[PDB]
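Scroll down for the structure; my scribbles are underneath it.
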Amino acid sequence: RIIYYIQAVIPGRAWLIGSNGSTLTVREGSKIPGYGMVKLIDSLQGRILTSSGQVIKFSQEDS
Amino acid sequence: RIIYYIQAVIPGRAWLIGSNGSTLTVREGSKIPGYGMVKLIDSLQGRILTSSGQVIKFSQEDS
Amino acid sequence: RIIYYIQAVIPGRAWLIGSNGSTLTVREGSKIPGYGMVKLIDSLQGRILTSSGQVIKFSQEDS
Amino acid sequence: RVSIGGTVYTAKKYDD
Amino acid sequence: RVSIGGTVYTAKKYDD
Amino acid sequence: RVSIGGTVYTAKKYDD
Amino acid sequence: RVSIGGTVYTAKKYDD
Amino acid sequence: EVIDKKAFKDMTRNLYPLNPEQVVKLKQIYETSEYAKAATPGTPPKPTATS
Amino acid sequence: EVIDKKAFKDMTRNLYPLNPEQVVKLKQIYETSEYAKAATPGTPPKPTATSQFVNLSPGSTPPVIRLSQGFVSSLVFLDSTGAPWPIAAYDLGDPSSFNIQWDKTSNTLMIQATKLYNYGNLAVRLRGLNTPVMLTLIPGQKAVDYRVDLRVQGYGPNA
Amino acid sequence: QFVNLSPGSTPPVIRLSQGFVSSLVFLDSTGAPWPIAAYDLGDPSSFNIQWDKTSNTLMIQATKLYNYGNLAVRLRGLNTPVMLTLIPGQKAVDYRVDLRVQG
Amino acid sequence: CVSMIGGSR
Amino acid sequence: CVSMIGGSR
Amino acid sequence: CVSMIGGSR
Amino acid sequence: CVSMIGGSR
Amino acid sequence: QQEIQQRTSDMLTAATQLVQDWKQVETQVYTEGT
Amino acid sequence: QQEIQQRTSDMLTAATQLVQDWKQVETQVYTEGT
Amino acid sequence: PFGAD
Amino acid sequence: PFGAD
Amino acid sequence: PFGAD
Amino acid sequence: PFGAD
Amino acid sequence: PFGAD
Amino acid sequence: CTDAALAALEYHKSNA
Amino acid sequence: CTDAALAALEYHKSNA
Amino acid sequence: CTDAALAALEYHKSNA
Amino acid sequence: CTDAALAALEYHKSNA
């Protein structure tokens, strides 16, 4: 699949960068291809919880 | 039919974009082709409740 | 018959546009062809009551 | 809630 | 926790 | 010792 | 409801 | 810690004593009052262009 | 040494009296109260761009322009063939309730209602006509004449 | 978006954000830039407009976050000016909207 | 004659 | 006529 | 909707 | 997380 | 019983500010081209 | 029972200040190259 | 102030 | 003050 | 403020 | 002030 | 303030 | 609404 | 939710 | 952690 | 030294 990682995050929007170079920003409720729908955006940890149980963090090389 | 999404909602007018590129502005009471007549315009949530039971929101790729 | 819609209305006079494009200005007592005799001017509802029972309102594409 | 007639008209209790 | 409606809605106790 | 969030957690007694 | 002459005449109670 | 709570209730009731309902109603009565300011005596004169 | 701990808590208590959660509550109530004061009562007028034909024969009622307080309305003047008709001059009755801007050569007069509902009229002397055009400017209607296309009865210098 | 200038058309909206810049670019039907002839800003203390004296881009900040308004911008070749209603504080912020005029 | 802003149901 | 900001559930 | 800095476990 | 300068043995 | 009139005074001092805040009408600007 | 009202006065002195810091709109500058 | 606004 | 915001 | 920071 | 105004 | 400084 | 206005205008035109 | 809104709406619409 | 956040989340959506 | 810091650290991540 396509693994996405946070490029930045604040309360509300969270900008993510995929493995193909595609960029996106997400809200509390938003559709992410593959990951499902976002359920929570914890900005102070840089963590996104989605419906598929997957978690989006900052990349290991971007963190 | 033609799917409409709100581009700009305030207390009062609600500015809508169709699937054909047509742009409209609507009231508490106004006729929408296909969707019927407006029943409520909630600008805080950005929803529009029409007679046919259809709910008008912001675009998934624009919200 | 020929359909008019209110192009403007304030306490007293009301300016009315027809489907022929004709423009008129009316008061409490004014003869209006087809509709008859104006009974009242309702400027905040955008409403005009005439003796024939017909109610004249702002155009649906203009309100 | 308040109307534009100037007189306040409100619902009693409604949730969802 | 406090919402954007202005009303205060909070959880009671949840640890992790 | 206090974390960045604000709440204070500290060890009790520990020597090296 | 008041007319232009200054004299005030009012309806009693009418609902629509 | 409930002292902060009751203090803050008193706060949003004094700094913003205009809860978002009464401010919109206050706007309402304002513009109705100036509409009564604007409303002409009876029928305005008919706009006519004569010769 | 526990007095240091009391003083510290009283410190976060007074120096930053508003713990981050009250900060967002109060941001939010400011935000809502401002929505409310910015909230337009009732029916915001519908933005409509119209076109009308100006009859200058005696007995015809002068054309109307619906306005709204603080909004620009662009009056464009065209002859019977739809060609532009540059404006010679204008006299604005009641300039305290309407403000008029016009670059001195073009054929567009732009009007804003400085007052909610106080209406008036406007005389516009155009290039080719001995007879100017009178227009009645009524603000506070259920729509805004965001632009109007005035199709005057005569023929302009453009054909 | 497509600017429709026929009578009965509805004038395009710009979704704004308080303290954010919306750059409006004017292009004709063939997609070529259209230089701006002039402009008048409605409610100018609620919205603040910048424009280099020649180009076709109008960059707007929303000084007031939800007080909405309207804007006239006459362009080089059209006698009828371009009409845009700008409302701030929507759920979308238009960083740039490509205005495709009918001309 | 009527100033209906001076109206009341 | 309804001002949603003047809302109370 | 949720402003987490107003957080408490 | 740990600000060990505020550390106590 | 003092609460109601102190309330009226503070809310009215606010309300005068709001009505002044709406009575303003900021005149438009005209910028020419080059 | 005084504790509540000196508490209030304290977050009033904080809260008016922060609502002013929301009110500001710091005005952009257009910079033109050579 | 009417209920048909 | 809504809950579906 | 959480413990997973 | 007359009623036939 | 540790002892292995 | 209009019922009150109509009763009022009738009462006005009936009483000089 | 919107039940309160439409209830207040119909209450205002029914009372002139 | 986020357990309290989502608890308050569902609580705020349940009580409008 | 380090053992006190580590004990504190696990006490932090254990209690949210």
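Convention: chains lettered A, B, ... in structure tokens order; per-chain residue numbering from 1; ligands numbered from 1 as shown.
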
Select from chain Q every residue with an atom at most 9 Å from any atom of chain G, then for each give the shortest pair of atoms and their distance in Å to one decimal, using only C-alpha atoms, rows by chain and rising number, as a tab-separated table.
residue	atom	partner	partner_atom	distance
Q:2	CA	G:16	CA	8.6
Q:3	CA	G:16	CA	7.3
Q:4	CA	G:16	CA	8.0

(message) At a cut-off of 9 Å, using only C-alpha atoms, what residues contact residue 43 of chain C? Leave out same-chain residues fewer than 5 positions from it and give the result as a count of residues only.
(response) 8

Please list as a short mmCIF file (atom, residue, chain, number, x, y, z; two decimals) with N, CA and C atoms, in the first residue's frame every residue within 10 Å of residue 34 of chain B, counting only C-alpha atoms and excluding residues in the same chain fewer than 4 positions away.
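Output below, filename out-v3.cif:
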data_model
loop_
_atom_site.label_atom_id
_atom_site.label_comp_id
_atom_site.auth_asym_id
_atom_site.auth_seq_id
_atom_site.Cartn_x
_atom_site.Cartn_y
_atom_site.Cartn_z
N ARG B 1 -28.88 12.47 -10.85
CA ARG B 1 -29.08 13.90 -10.70
C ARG B 1 -27.75 14.64 -10.66
N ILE B 2 -27.78 15.88 -10.17
CA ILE B 2 -26.59 16.72 -10.04
C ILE B 2 -26.34 16.94 -8.56
N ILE B 3 -25.14 16.59 -8.11
CA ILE B 3 -24.76 16.74 -6.70
C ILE B 3 -24.25 18.16 -6.49
N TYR B 4 -24.77 18.81 -5.46
CA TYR B 4 -24.40 20.17 -5.11
C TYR B 4 -23.61 20.15 -3.80
N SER B 52 -36.37 16.92 0.39
CA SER B 52 -36.22 15.53 -0.01
C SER B 52 -35.42 14.70 0.99
N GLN B 54 -32.32 15.07 1.63
CA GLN B 54 -30.91 15.17 1.30
C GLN B 54 -30.26 16.27 2.13
#

(request) Pick out each residue of chain B that DSSP on the backbone tags as strand (DSSP E); I need them as a VMD selection string. (result) chain B and resid 5 to 9 14 to 17 23 to 26 31 to 32 36 to 42 47 to 50 55 to 56

(request) Quick one: everything within 9 Å of residue 75 of chain J, counting only C-alpha atoms, minus sequence neighbours fewer than 5 positions away in the same chain. Send it as a count of residues only. (result) 11

(message) Just want the 7 Å neighbourhood of segment 100-103 of chain J, counted on only C-alpha atoms, with same-chain residues fewer than 4 positions away dropped. Output as a PyMOL selection string.
(response) chain J and resi 1-5+26-29+31

(message) To one decimal place in Å, what is the distance between atom CA of residue 15 of chain V and atom CA of residue 3 of chain K?
(response)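 Atom CA of residue 3 of chain K lies 17.0 Å from atom CA of residue 15 of chain V.
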
Chain F superposed on chain G over all ordered C-alpha pairs, least squares: can you write that as a compact mmCIF listing (two decimals) with N, CA and C atoms, in the first residue's frame?
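Output file out_33.txt is given in full below:
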# COMPACT_ATOMS: atom_id res chain seq x y z
N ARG F 1 -49.59 50.93 16.28
CA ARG F 1 -49.46 51.50 14.94
C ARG F 1 -50.19 52.84 14.85
N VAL F 2 -49.51 53.85 14.31
CA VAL F 2 -50.04 55.21 14.26
C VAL F 2 -50.02 55.69 12.81
N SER F 3 -51.11 56.33 12.39
CA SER F 3 -51.25 56.81 11.02
C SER F 3 -50.40 58.05 10.81
N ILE F 4 -50.52 58.66 9.63
CA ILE F 4 -49.68 59.80 9.28
C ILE F 4 -50.24 61.09 9.87
N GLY F 5 -51.57 61.17 10.01
CA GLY F 5 -52.18 62.34 10.60
C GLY F 5 -51.76 62.63 12.02
N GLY F 6 -51.56 61.59 12.84
CA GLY F 6 -51.09 61.72 14.20
C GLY F 6 -51.85 60.87 15.20
N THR F 7 -53.15 60.67 14.97
CA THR F 7 -53.97 59.89 15.88
C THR F 7 -53.69 58.40 15.71
N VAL F 8 -53.70 57.67 16.82
CA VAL F 8 -53.32 56.26 16.85
C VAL F 8 -54.59 55.42 16.78
N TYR F 9 -54.65 54.54 15.79
CA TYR F 9 -55.64 53.47 15.73
C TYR F 9 -54.92 52.16 15.50
N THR F 10 -55.34 51.11 16.19
CA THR F 10 -54.70 49.81 16.10
C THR F 10 -55.73 48.71 16.27
N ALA F 11 -55.44 47.55 15.68
CA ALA F 11 -56.27 46.37 15.88
C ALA F 11 -56.04 45.81 17.28
N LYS F 12 -56.98 44.98 17.72
CA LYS F 12 -56.97 44.46 19.09
C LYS F 12 -56.11 43.20 19.22
N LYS F 13 -56.48 42.13 18.52
CA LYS F 13 -55.76 40.86 18.59
C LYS F 13 -56.10 40.07 17.34
N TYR F 14 -55.09 39.77 16.53
CA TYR F 14 -55.32 39.16 15.23
C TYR F 14 -54.11 38.33 14.83
N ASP F 15 -54.32 37.05 14.55
CA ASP F 15 -53.25 36.11 14.25
C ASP F 15 -53.42 35.54 12.84
N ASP F 16 -52.29 35.23 12.22
CA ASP F 16 -52.27 34.58 10.91
C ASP F 16 -51.40 33.33 10.95

(message) So the first atom is atom CA of residue 125 of chain I and the second is atom CA of residue 87 of chain I; what is the distance between them in Å, to one decimal place?
(response)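 Taking atom CA of residue 125 of chain I as the start and atom CA of residue 87 of chain I as the end point, the length is 6.7 Å.
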
(request) One decimal, Å: what's the distance from atom CA of residue 10 of chain I over to atom CA of residue 1 of chain S, could you say? (result)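 That distance, rounded to one decimal, is 19.5 Å.
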
(message) Can you tell me which residues surround residue 132 of chain I at a distance of at most 9 Å, considering only C-alpha atoms, apart from same-chain residues fewer than 4 positions away, and format the answer as a list in words?
(response)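 Listing them by chain and then by number gives residues 56, 90, 123, 124, 125, 126 and 127 of chain I.
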
Neighbours of chain A in chain B at 12 Å, counting only C-alpha atoms, as a PDB file with N, CA and C atoms, in the first residue's frame:
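Full text of part.pdb as output:
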ATOM      1  N   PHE B  58     -20.163  20.542   2.991  1.00  0.00           N
ATOM      2  CA  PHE B  58     -18.982  20.968   2.257  1.00  0.00           C
ATOM      3  C   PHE B  58     -18.355  19.773   1.550  1.00  0.00           C
ATOM      4  N   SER B  59     -17.680  20.051   0.437  1.00  0.00           N
ATOM      5  CA  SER B  59     -17.086  18.986  -0.358  1.00  0.00           C
ATOM      6  C   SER B  59     -16.041  18.226   0.450  1.00  0.00           C
ATOM      7  N   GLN B  60     -15.983  16.912   0.225  1.00  0.00           N
ATOM      8  CA  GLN B  60     -15.002  16.090   0.923  1.00  0.00           C
ATOM      9  C   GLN B  60     -13.579  16.511   0.585  1.00  0.00           C
ATOM     10  N   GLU B  61     -13.361  17.035  -0.619  1.00  0.00           N
ATOM     11  CA  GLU B  61     -12.053  17.506  -1.048  1.00  0.00           C
ATOM     12  C   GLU B  61     -11.900  19.017  -0.911  1.00  0.00           C
ATOM     13  N   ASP B  62     -12.877  19.692  -0.306  1.00  0.00           N
ATOM     14  CA  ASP B  62     -12.791  21.128  -0.088  1.00  0.00           C
ATOM     15  C   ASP B  62     -12.966  21.519   1.372  1.00  0.00           C
ATOM     16  N   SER B  63     -13.395  20.605   2.234  1.00  0.00           N
ATOM     17  CA  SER B  63     -13.548  20.895   3.651  1.00  0.00           C
ATOM     18  C   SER B  63     -12.271  20.542   4.402  1.00  0.00           C
TER      19      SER B  63
END

(request) Tell me which protein, DNA and RNA residues are within 12 Å of residue 7 of chain H, counting only C-alpha atoms, leaving out same-chain ones fewer than 2 positions away, and put them as a PyMOL selection string. (result) (chain H and resi 1-5+9-15) or (chain I and resi 17-18+22) or (chain P and resi 1-12)

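The smallest atom-to-atom distance between chain F and any of A:6, A:17, A:38, A:44, using only C-alpha atoms, is found for A:44.
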
Which chain I residues have any atom within 12 Å of an atom of chain F, and for each, what is the nearest pair of atoms with distance in Å to one decimal, counting only C-alpha atoms, rows sorted by chain and number, as a tab-separated table?
residue	atom	partner	partner_atom	distance
I:5	CA	F:8	CA	10.6
I:8	CA	F:8	CA	11.2
I:9	CA	F:7	CA	10.6
I:12	CA	F:6	CA	9.4
I:16	CA	F:6	CA	11.9
I:19	CA	F:6	CA	10.0
I:20	CA	F:5	CA	10.3

(request) Starting from chain W, keep only residues with some atom at most 12 Å from an atom of chain V, counting only C-alpha atoms, and report them as JSON, numbers by chain. (result) {"W": [12, 13, 14, 15, 16]}

Limited to N, CA, C and O atoms, could you put the picked residues into a file as a compact mmCIF listing (two decimals), in the first residue's frame?
# COMPACT_ATOMS: atom_id res chain seq x y z
N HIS W 12 -41.88 30.06 15.62
CA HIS W 12 -41.92 31.43 15.14
C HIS W 12 -42.86 31.58 13.95
O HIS W 12 -43.57 32.59 13.83
N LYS W 13 -42.87 30.60 13.05
CA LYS W 13 -43.72 30.66 11.87
C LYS W 13 -45.20 30.60 12.23
O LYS W 13 -46.03 31.18 11.52
N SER W 14 -45.54 29.91 13.32
CA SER W 14 -46.94 29.75 13.71
C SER W 14 -47.46 30.94 14.51
O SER W 14 -48.65 31.24 14.47
N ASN W 15 -46.58 31.62 15.25
CA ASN W 15 -46.96 32.78 16.05
C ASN W 15 -46.54 34.04 15.30
O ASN W 15 -45.34 34.28 15.11
N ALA W 16 -47.52 34.83 14.88
CA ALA W 16 -47.27 36.00 14.04
C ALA W 16 -46.55 37.12 14.80
O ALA W 16 -46.45 38.24 14.30
